[PDB]
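The opening residue of the sequence shown carries number 1 in the authors' numbering; numbering runs sequentially from there.
All residues carry an ideal CB built from backbone N, CA and C; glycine is no exception.
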Amino acid sequence: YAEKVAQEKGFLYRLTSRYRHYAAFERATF
């Protein structure tokens, strides 16, 4: 996962299920 498409769109965009998902795996401990 990368923060490219994220910052690209904006802030509200980041607020999505997909984002919350990868955040649990990719950033499990962090």
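Beta-carbon gap between residue i and residue j smaller than 8 Å
i          : j          : result
residue 13 : residue 23 : no
The alpha helix (DSSP H) enclosing residue i, as first and last residue numbers
i          : result
residue 19 : 17–25
residue 8  : 4–9
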